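> See run.tsv below, with TSV, C-alpha atoms and all ligand atoms.
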```
chain	number	residue	atom	x	y	z
A	31	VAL	CA	23.59	-19.94	-14.41
A	32	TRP	CA	21.10	-18.14	-12.19
A	33	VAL	CA	22.09	-14.66	-13.42
A	34	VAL	CA	19.19	-14.87	-15.87
A	35	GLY	CA	17.38	-17.29	-13.55
A	36	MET	CA	16.40	-14.45	-11.21
A	37	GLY	CA	16.07	-10.92	-12.54
A	38	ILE	CA	14.05	-11.29	-15.72
A	39	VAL	CA	11.00	-11.72	-13.48
A	40	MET	CA	11.96	-8.44	-11.79
A	41	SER	CA	12.07	-6.67	-15.16
A	42	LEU	CA	8.69	-8.13	-16.09
A	43	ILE	CA	7.23	-7.03	-12.75
A	44	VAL	CA	8.52	-3.46	-13.03
A	45	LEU	CA	7.33	-3.14	-16.65
A	46	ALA	CA	3.89	-4.47	-15.70
A	47	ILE	CA	3.65	-2.09	-12.73
A	48	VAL	CA	4.57	0.93	-14.86
A	49	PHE	CA	2.16	-0.06	-17.64
A	50	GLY	CA	-0.67	-0.62	-15.17
A	51	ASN	CA	-0.16	2.69	-13.39
A	52	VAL	CA	0.21	4.87	-16.49
A	53	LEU	CA	-3.00	3.60	-18.09
A	54	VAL	CA	-5.08	4.30	-14.98
A	55	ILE	CA	-3.60	7.77	-14.54
A	56	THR	CA	-4.11	8.78	-18.18
A	57	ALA	CA	-7.64	7.34	-18.17
A	58	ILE	CA	-8.48	9.53	-15.18
A	59	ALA	CA	-6.78	12.47	-16.88
A	60	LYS	CA	-8.17	12.53	-20.40
A	61	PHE	CA	-11.85	11.49	-20.11
A	62	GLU	CA	-14.54	13.63	-18.48
A	63	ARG	CA	-16.96	10.91	-17.35
A	64	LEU	CA	-14.33	9.25	-15.16
A	65	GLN	CA	-13.92	12.16	-12.72
A	66	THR	CA	-15.71	11.74	-9.40
A	67	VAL	CA	-15.09	12.18	-5.69
A	68	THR	CA	-14.12	8.52	-5.34
A	69	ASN	CA	-11.73	8.58	-8.31
A	70	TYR	CA	-9.62	11.32	-6.71
A	71	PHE	CA	-8.71	8.87	-3.95
A	72	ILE	CA	-7.68	6.20	-6.46
A	73	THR	CA	-5.57	8.80	-8.27
A	74	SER	CA	-3.27	9.12	-5.24
A	75	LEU	CA	-3.03	5.32	-5.08
A	76	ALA	CA	-2.01	5.13	-8.74
A	77	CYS	CA	0.53	7.95	-8.41
A	78	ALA	CA	2.10	6.41	-5.30
A	79	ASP	CA	2.27	2.98	-6.94
A	80	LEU	CA	3.93	4.48	-10.03
A	81	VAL	CA	6.45	6.40	-7.93
A	82	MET	CA	7.34	3.38	-5.80
A	83	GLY	CA	7.65	1.05	-8.79
A	84	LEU	CA	9.83	3.52	-10.69
A	85	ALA	CA	12.00	4.31	-7.66
A	86	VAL	CA	12.63	1.47	-5.21
A	87	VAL	CA	12.28	-1.70	-7.30
A	88	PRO	CA	14.90	-1.13	-10.05
A	89	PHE	CA	17.52	-0.05	-7.52
A	90	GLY	CA	16.62	-2.92	-5.21
A	91	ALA	CA	17.23	-5.32	-8.09
A	92	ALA	CA	20.87	-4.22	-8.31
A	93	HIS	CA	21.29	-4.78	-4.56
A	94	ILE	CA	19.72	-8.23	-4.92
A	95	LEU	CA	21.90	-9.31	-7.86
A	96	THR	CA	25.19	-7.89	-6.52
A	97	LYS	CA	27.04	-7.91	-3.20
A	98	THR	CA	26.29	-4.27	-2.37
A	99	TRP	CA	25.66	-0.82	-3.80
A	100	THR	CA	28.01	1.30	-5.86
A	101	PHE	CA	26.14	4.31	-4.48
A	102	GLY	CA	26.34	6.74	-1.59
A	103	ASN	CA	25.16	6.49	2.00
A	104	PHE	CA	22.72	9.40	1.99
A	105	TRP	CA	21.22	7.70	-1.06
A	106	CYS	CA	20.87	4.54	1.06
A	107	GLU	CA	18.91	6.52	3.65
A	108	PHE	CA	16.89	8.11	0.83
A	109	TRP	CA	15.92	4.73	-0.64
A	110	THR	CA	15.01	3.37	2.79
A	111	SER	CA	12.88	6.46	3.43
A	112	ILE	CA	11.03	6.26	0.11
A	113	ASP	CA	10.08	2.60	0.58
A	114	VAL	CA	8.31	3.03	3.94
A	115	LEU	CA	6.55	6.18	2.75
A	116	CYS	CA	5.16	4.38	-0.29
A	117	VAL	CA	3.93	1.40	1.72
A	118	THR	CA	2.23	3.46	4.43
A	119	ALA	CA	0.65	5.77	1.84
A	120	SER	CA	-0.87	2.75	0.10
A	121	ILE	CA	-2.22	1.37	3.38
A	122	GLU	CA	-3.76	4.70	4.41
A	123	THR	CA	-5.33	5.17	0.97
A	124	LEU	CA	-6.99	1.75	1.20
A	125	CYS	CA	-8.31	2.63	4.66
A	126	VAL	CA	-9.78	5.86	3.27
A	127	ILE	CA	-11.43	3.92	0.43
A	128	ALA	CA	-13.07	1.57	2.92
A	129	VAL	CA	-14.27	4.46	5.09
A	130	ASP	CA	-15.83	6.44	2.23
A	131	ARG	CA	-17.52	3.33	0.83
A	132	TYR	CA	-19.03	2.73	4.27
A	133	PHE	CA	-20.29	6.32	4.45
A	134	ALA	CA	-21.82	5.86	1.00
A	135	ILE	CA	-23.61	2.60	1.76
A	136	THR	CA	-24.78	3.18	5.32
A	137	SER	CA	-26.33	6.68	5.19
A	138	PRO	CA	-27.12	7.61	1.57
A	139	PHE	CA	-29.29	10.61	2.45
A	140	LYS	CA	-26.45	12.50	4.13
A	141	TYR	CA	-23.74	11.16	1.79
A	142	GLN	CA	-24.72	13.40	-1.14
A	143	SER	CA	-23.72	16.59	0.69
A	144	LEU	CA	-21.32	15.09	3.25
A	145	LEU	CA	-18.27	14.81	0.98
A	146	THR	CA	-17.91	17.93	-1.15
A	147	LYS	CA	-15.54	17.86	-4.10
A	148	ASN	CA	-13.27	20.49	-2.54
A	149	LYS	CA	-12.99	19.20	1.04
A	150	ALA	CA	-12.33	15.67	-0.23
A	151	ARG	CA	-8.91	16.73	-1.53
A	152	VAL	CA	-8.03	17.87	1.99
A	153	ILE	CA	-8.23	14.35	3.40
A	154	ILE	CA	-5.67	13.13	0.85
A	155	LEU	CA	-3.25	15.77	2.10
A	156	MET	CA	-3.86	14.64	5.68
A	157	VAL	CA	-2.69	11.23	4.48
A	158	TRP	CA	0.68	12.05	2.93
A	159	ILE	CA	1.89	14.45	5.62
A	160	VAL	CA	1.07	11.82	8.25
A	161	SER	CA	3.05	9.29	6.23
A	162	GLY	CA	5.92	11.76	6.02
A	163	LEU	CA	5.92	12.12	9.80
A	164	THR	CA	6.96	8.45	9.93
A	165	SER	CA	9.01	8.27	6.72
A	166	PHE	CA	11.54	11.09	6.32
A	167	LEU	CA	11.84	12.71	9.75
A	168	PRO	CA	12.83	9.61	11.79
A	169	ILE	CA	15.04	8.13	9.06
A	170	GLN	CA	17.22	11.23	8.74
A	171	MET	CA	17.53	11.29	12.53
A	172	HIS	CA	19.53	8.73	14.49
A	173	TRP	CA	16.42	6.65	15.23
A	174	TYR	CA	17.04	4.50	12.15
A	175	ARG	CA	20.38	3.38	13.57
A	176	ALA	CA	20.91	0.63	16.14
A	177	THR	CA	23.01	0.28	19.27
A	178	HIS	CA	24.39	-3.25	18.85
A	179	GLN	CA	27.93	-3.61	17.54
A	180	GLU	CA	26.80	-5.83	14.67
A	181	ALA	CA	25.80	-3.82	11.56
A	182	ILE	CA	27.87	-0.87	12.82
A	183	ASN	CA	30.03	-1.67	9.80
A	184	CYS	CA	26.83	-1.07	7.83
A	185	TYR	CA	25.51	2.16	9.34
A	186	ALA	CA	28.87	3.85	10.00
A	187	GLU	CA	30.61	2.59	6.85
A	188	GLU	CA	29.96	3.02	3.14
A	189	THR	CA	29.51	-0.31	1.37
A	190	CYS	CA	26.74	-1.96	3.43
A	191	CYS	CA	23.12	-0.78	3.05
A	192	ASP	CA	21.02	-3.56	4.62
A	193	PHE	CA	18.19	-2.70	6.98
A	194	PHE	CA	18.61	-2.72	10.77
A	195	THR	CA	16.07	-1.37	13.23
A	196	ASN	CA	15.85	-0.47	16.90
A	197	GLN	CA	13.15	-1.98	19.09
A	198	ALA	CA	10.96	1.13	19.24
A	199	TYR	CA	10.83	2.14	15.58
A	200	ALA	CA	9.76	-1.24	14.19
A	201	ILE	CA	6.82	-1.73	16.56
A	202	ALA	CA	5.80	1.92	16.26
A	203	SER	CA	5.74	1.77	12.46
A	204	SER	CA	3.83	-1.51	12.54
A	205	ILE	CA	1.23	-0.04	14.91
A	206	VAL	CA	0.87	3.20	12.94
A	207	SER	CA	0.87	1.75	9.41
A	208	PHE	CA	-0.66	-1.74	9.49
A	209	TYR	CA	-2.73	-2.77	12.50
A	210	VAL	CA	-4.96	0.31	12.79
A	211	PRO	CA	-6.03	0.07	9.12
A	212	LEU	CA	-6.79	-3.65	9.52
A	213	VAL	CA	-8.87	-3.17	12.67
A	214	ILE	CA	-10.76	-0.51	10.73
A	215	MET	CA	-11.41	-2.61	7.61
A	216	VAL	CA	-12.53	-5.78	9.39
A	217	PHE	CA	-15.27	-4.08	11.41
A	218	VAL	CA	-16.40	-1.73	8.66
A	219	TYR	CA	-16.74	-4.46	6.04
A	220	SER	CA	-18.52	-6.67	8.56
A	221	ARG	CA	-21.10	-3.89	8.93
A	222	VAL	CA	-21.36	-3.47	5.15
A	223	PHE	CA	-21.88	-7.21	4.63
A	224	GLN	CA	-24.54	-7.31	7.35
A	225	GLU	CA	-26.40	-4.48	5.61
A	226	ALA	CA	-26.16	-6.27	2.25
A	227	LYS	CA	-27.48	-9.51	3.74
A	228	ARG	CA	-30.41	-7.68	5.33
A	229	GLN	CA	-31.24	-6.04	1.99
A	230	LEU	CA	-31.12	-9.37	0.17
A	231	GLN	CA	-33.40	-10.95	2.77
A	232	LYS	CA	-35.87	-8.08	2.34
A	233	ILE	CA	-35.83	-8.47	-1.46
A	234	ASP	CA	-36.47	-12.20	-1.16
A	235	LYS	CA	-39.35	-11.49	1.23
A	236	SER	CA	-40.89	-8.98	-1.18
A	237	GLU	CA	-41.22	-11.15	-4.31
A	238	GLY	CA	-41.25	-14.94	-4.28
A	239	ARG	CA	-41.75	-15.10	-8.05
A	269	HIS	CA	-23.56	-14.99	-3.42
A	270	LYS	CA	-22.11	-11.88	-5.05
A	271	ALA	CA	-21.12	-9.99	-1.89
A	272	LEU	CA	-18.92	-12.78	-0.51
A	273	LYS	CA	-16.78	-12.99	-3.65
A	274	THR	CA	-16.75	-9.23	-4.22
A	275	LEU	CA	-15.38	-8.47	-0.75
A	276	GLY	CA	-13.32	-11.65	-0.49
A	277	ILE	CA	-11.15	-11.00	-3.53
A	278	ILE	CA	-9.98	-7.69	-2.02
A	279	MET	CA	-9.65	-8.99	1.54
A	280	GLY	CA	-7.77	-12.12	0.47
A	281	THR	CA	-5.41	-10.19	-1.79
A	282	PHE	CA	-4.58	-7.60	0.87
A	283	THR	CA	-4.29	-9.95	3.86
A	284	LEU	CA	-2.26	-12.57	1.99
A	285	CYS	CA	0.01	-9.88	0.56
A	286	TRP	CA	0.88	-7.79	3.60
A	287	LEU	CA	0.05	-9.67	6.83
A	288	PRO	CA	3.05	-12.08	6.96
A	289	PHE	CA	5.64	-9.29	6.72
A	290	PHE	CA	4.41	-7.33	9.72
A	291	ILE	CA	4.42	-10.39	11.98
A	292	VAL	CA	8.11	-11.15	11.44
A	293	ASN	CA	8.83	-7.41	11.51
A	294	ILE	CA	7.73	-7.31	15.15
A	295	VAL	CA	9.20	-10.75	15.85
A	296	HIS	CA	12.84	-10.20	14.96
A	297	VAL	CA	13.11	-7.00	16.85
A	298	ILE	CA	11.35	-8.71	19.77
A	299	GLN	CA	13.62	-11.78	19.58
A	300	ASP	CA	16.76	-11.86	17.45
A	301	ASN	CA	17.48	-15.59	17.26
A	302	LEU	CA	14.46	-16.79	15.30
A	303	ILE	CA	14.60	-15.27	11.83
A	304	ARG	CA	17.06	-15.25	8.92
A	305	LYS	CA	17.71	-12.41	6.49
A	306	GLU	CA	16.74	-13.99	3.16
A	307	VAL	CA	13.26	-14.94	4.38
A	308	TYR	CA	12.81	-11.34	5.52
A	309	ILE	CA	13.80	-10.05	2.07
A	310	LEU	CA	11.47	-12.51	0.33
A	311	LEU	CA	8.53	-11.56	2.55
A	312	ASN	CA	9.24	-7.91	1.77
A	313	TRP	CA	9.34	-8.65	-1.97
A	314	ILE	CA	6.05	-10.57	-2.01
A	315	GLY	CA	4.55	-7.51	-0.33
A	316	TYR	CA	6.12	-5.31	-3.01
A	317	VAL	CA	4.14	-7.32	-5.58
A	318	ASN	CA	0.92	-5.88	-4.09
A	319	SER	CA	1.48	-2.63	-6.01
A	320	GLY	CA	1.16	-4.47	-9.31
A	321	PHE	CA	-1.62	-6.67	-7.97
A	322	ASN	CA	-3.88	-3.88	-6.70
A	323	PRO	CA	-5.23	-2.01	-9.79
A	324	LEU	CA	-7.00	-5.09	-11.16
A	325	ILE	CA	-8.84	-5.61	-7.86
A	326	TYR	CA	-9.55	-1.95	-7.11
A	327	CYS	CA	-10.54	-0.74	-10.63
A	328	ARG	CA	-13.33	-2.38	-12.65
A	329	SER	CA	-16.21	-0.48	-14.24
A	330	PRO	CA	-17.91	-0.38	-17.66
A	331	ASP	CA	-16.96	3.28	-18.03
A	332	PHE	CA	-13.35	2.42	-17.22
A	333	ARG	CA	-13.51	-0.46	-19.70
A	334	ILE	CA	-14.75	1.89	-22.42
A	335	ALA	CA	-12.01	4.38	-21.52
A	336	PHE	CA	-9.35	1.67	-21.84
A	337	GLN	CA	-10.89	0.55	-25.14
A	338	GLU	CA	-10.69	4.09	-26.51
A	339	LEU	CA	-6.97	4.23	-25.76
A	340	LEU	CA	-4.97	2.14	-28.24
A	401	LIG	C1	13.92	-2.06	3.07
A	401	LIG	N1	12.46	-2.22	3.00
A	401	LIG	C2	11.71	-1.69	4.17
A	401	LIG	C3	12.32	-2.17	5.51
A	401	LIG	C4	11.44	-1.92	6.78
A	401	LIG	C5	10.02	-1.36	6.57
A	401	LIG	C6	9.41	-1.43	5.31
A	401	LIG	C7	8.10	-0.91	5.18
A	401	LIG	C8	7.41	-0.34	6.23
A	401	LIG	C9	7.97	-0.25	7.52
A	401	LIG	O1	7.34	0.29	8.57
A	401	LIG	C10	9.31	-0.78	7.69
A	401	LIG	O2	9.88	-0.71	8.88
A	401	LIG	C11	10.19	-2.06	4.13
A	401	LIG	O3	9.68	-1.60	2.92
```
Could you render the structure from this file as structure tokens?


Amino acid sequence: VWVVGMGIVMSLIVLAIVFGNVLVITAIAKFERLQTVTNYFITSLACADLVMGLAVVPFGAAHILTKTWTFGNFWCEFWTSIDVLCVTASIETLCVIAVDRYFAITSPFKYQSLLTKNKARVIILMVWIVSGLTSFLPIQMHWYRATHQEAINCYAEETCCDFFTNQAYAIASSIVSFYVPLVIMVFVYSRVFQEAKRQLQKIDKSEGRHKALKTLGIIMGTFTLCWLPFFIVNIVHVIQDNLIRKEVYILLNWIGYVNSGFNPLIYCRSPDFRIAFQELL
């Protein structure tokens, strides 16, 4: 009786993700006032979220609700390659957002001419290619496979498609896709908050007669709660095999998948954007 118990939520999630992504993309597309150097970065985020939601989630639902795929093996590798690429692209885009916000706040005088409209696009390219260097190239090679006899019936046979990783690839992907962005964001937002506190103290000193905490905390809480637990167990299993079970791993991956739907509300709020949404429909 759980056939409809689990799966309707998946349909709701995918529909919500698609609807959220398409509105942001068309709002950037069709209105002139929205275009800016910052919005170009969010455009890649929206496109990547739309691609991932349209690609990996609906097919993953079939794998969840049935024993295994009715599909091919190269398609299994293709799905596994798309998922990691999407996740790492999202992480890198968020890191770039934090960096450019820091450049804006800290040194306004040089910011106006630091980031030209043209050169900005270049950095986005330097994101995706880097992601590709960890997404398609190692998956198509033998690095995705494992040496242990268990799951050989998965990699070297047709029906099974579950994920199995060698020791090196898991830790390398975790180091290159999660921890470096986090160690960037923590320090950079600490500096931004210190600057904001200093400014508020100066304003209070000027004229006798907390927004920043909430504003940064919503984003930090959403991101850290969404993605941190997965990349602990990701290192752990590979480090030690006995501890974890598969279903918990899948659930922690899925709760991270929800971040794609969760993000646009946190990372997109402006009166101009509100007017643009109001104009549509
Ligand atoms: C099947 N889902 C995959 C499995 C492993 C993995 C993911 C994302 C980023 C990585 O660096 C990974 O190693 C997950 O999205």

> Could you list the protein, DNA and RNA residues that have any atom within 7 Å of ligand LIG 401 (chain A), counting all atoms listed in the file, and write them as number ranges by chain?

A: 110, 113-114, 117-118, 193, 200, 203-204, 207, 312

> For C-alpha atoms, I'd like the residues from the last selection saved as a PDB file, in the frame of the given file.


```
ATOM      1  CA  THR A 110      15.010   3.370   2.790  1.00  0.00           C
ATOM      2  CA  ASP A 113      10.080   2.600   0.580  1.00  0.00           C
ATOM      3  CA  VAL A 114       8.310   3.030   3.940  1.00  0.00           C
ATOM      4  CA  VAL A 117       3.930   1.400   1.720  1.00  0.00           C
ATOM      5  CA  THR A 118       2.230   3.460   4.430  1.00  0.00           C
ATOM      6  CA  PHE A 193      18.190  -2.700   6.980  1.00  0.00           C
ATOM      7  CA  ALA A 200       9.760  -1.240  14.190  1.00  0.00           C
ATOM      8  CA  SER A 203       5.740   1.770  12.460  1.00  0.00           C
ATOM      9  CA  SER A 204       3.830  -1.510  12.540  1.00  0.00           C
ATOM     10  CA  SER A 207       0.870   1.750   9.410  1.00  0.00           C
ATOM     11  CA  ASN A 312       9.240  -7.910   1.770  1.00  0.00           C
TER      12      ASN A 312
END
```

> Would you please work out which residue, of A:218, A:151, A:36, A:169, is nearest to residue A:91 when using all atoms listed in the file?

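Checking each of A:218, A:151, A:36, A:169 against residue A:91, counting all atoms listed in the file, the winner is A:36.
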
> Would you compute, for all listed atoms of stretch 61-74 of chain A, the axis-aligned bounding box grown by 4 Å on each side, and then report its centre and edge lengths in Å rounded to one decimal, as JSON?


```
{"center_x": -10.1, "center_y": 9.9, "center_z": -12.0, "size_x": 21.7, "size_y": 15.4, "size_z": 24.2}
```

> Rank nothing, just name the residue among A:130, A:62, A:122, A:225 nearest to residue A:206, using only C-alpha atoms.

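Ranked by minimum distance to residue A:206, first place goes to A:122.
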
> Excluding same-chain residues fewer than 4 positions from residue A:54, what lies within 10 Å of it counting only C-alpha atoms, as a list in words?

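Result of the neighbour search: residues 49, 50, 58, 59, 72, 73, 76, 77, 323, 327, 332, 335 and 336 of chain A.
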
> Which one of A:80, A:287, A:198, A:31 sits closest to residue A:47 if you count all atoms listed in the file?

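Nearest candidate to residue A:47 out of A:80, A:287, A:198, A:31: A:80.
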
> Determine the nearest neighbour of residue A:289 from the options A:316, A:111, A:158, A:234, counting all atoms listed in the file.

A:316

> Restricting the calculation to all atoms listed in the file: of A:97, A:328, A:147, A:175, which residue gets closest to residue A:274?

A:328
